[PDB]
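Undergrad: 3D, please:
(chains A and B)
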Amino acid sequence: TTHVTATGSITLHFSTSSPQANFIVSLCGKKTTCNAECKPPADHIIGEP
Amino acid sequence: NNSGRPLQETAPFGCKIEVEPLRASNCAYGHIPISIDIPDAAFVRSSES
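TA: Numbers count the residues shown, from 1 in each chain, chains lettered A, B, ... in the order given. Pasting the structure now:
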């Protein structure tokens, strides 16, 4: 959840498995497509599931 | 009497030759591969910046 204003932007954070960020983000009931090339992590191991 | 001139005026790449120990200072040649691990606390989350 976030605050919102008449105009502005939200810098959201996300985690994704697909190398393309091709996913429909829903904001406050609206739906907007987002996509970009995601790269493989620099570190092959992470302490989180 | 016929030694030729020293390397300080003959060493290439502008390196200033120095003694005790014999070593070449400020050499300028090629490139240096560098890797740096940085503590993640030095960065900030994209939403904070």
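Undergrad: What's the local residue count around residue A:24?
TA: By other Cβ atoms under 10 Å in any protein chain shown, 9 other residues sit near residue A:24. (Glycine included, C-beta is placed from N, CA and C.)
Undergrad: bridging residues for it?
TA: residue A:33 (DSSP bridges).
Undergrad: show me what contacts it?
TA: By Cβ atoms under 8 Å, 6 or more residues apart in numbering or on different chains, the contact list for residue A:24 reads A:31-34.
Undergrad: Okay, it and residue A:31: tell me how far apart.
TA: 5 Å (Cβ to Cβ, to the nearest Å).
Undergrad: Closest one of the contacts of residue A:24 to chain B?
TA: Nearest to chain B, judged by Cβ to the nearest Cβ, of those is residue A:34 at 14.6 Å.
Undergrad: Please tell me I have it right and that closest one contacts residue A:20.
TA: No. The pair residue A:34 / residue A:20 is not scored as a contact, 10.1 Å apart, by Cβ atoms under 8 Å.
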